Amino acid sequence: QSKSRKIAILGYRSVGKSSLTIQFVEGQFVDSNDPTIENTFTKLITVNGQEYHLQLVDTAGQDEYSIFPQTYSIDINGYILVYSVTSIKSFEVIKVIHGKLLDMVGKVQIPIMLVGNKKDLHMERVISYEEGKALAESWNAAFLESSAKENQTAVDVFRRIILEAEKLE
């Protein structure tokens, strides 16, 4: 049997939302992408013996002034909130996006996963692992660091959001 679940991937511009999603879906790293308008993939994945049809909504980068789109606040089973460990701006912005998201969804509990991407860029890192982890803990959210170059880290991100969604019955 298969379960159908819809996941939105959100964050600031150029944090690697598309590259992470593509690494998961297609198993390859894309060196340069167009800025996203909106893409949607359906990917088969098994989590704890359960097969899922994952509908993955890869969204346009938002900044702190972006209206959080209402279409992403209904009928979504899980959220992946992505920043880059190389960008302080992306980290400030993900805090704003999170607040707007929580406003939109209202009194329904939603699974949220915070992801610090581009961890392979050691020389450009400006955010520690610990600051990301502390933020996730304050949100009661899952936390992982990832690299879109590293297939296992991308797979782990999508498995984890599913694990978290399942916990909410």
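Heads up: residue numbers just count along the shown sequence, starting at 1.
- Per-stretch averaging of Cα B factors for 67-75 and 81-89 places 67-75 on top.
- Comparing 109-117 with 28-36, the stretch with the higher mean C-alpha B-factor in the PDB entry is 28-36.
- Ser19 sits in the middle third of its chain by CA B factor, as recorded in the PDB entry.
- When the modelled residues of the chain are ordered by C-alpha B-factor, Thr46 sits in the middle third.
- When the CA B factors of the chain's modelled residues are split into thirds, the value for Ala134 lands in the middle one.
- Sorting the modelled residues of the chain by their CA temperature factor places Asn140 in the highest third.
- When the CA B factors of the chain's modelled residues are split into thirds, the value for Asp58 lands in the lowest one.
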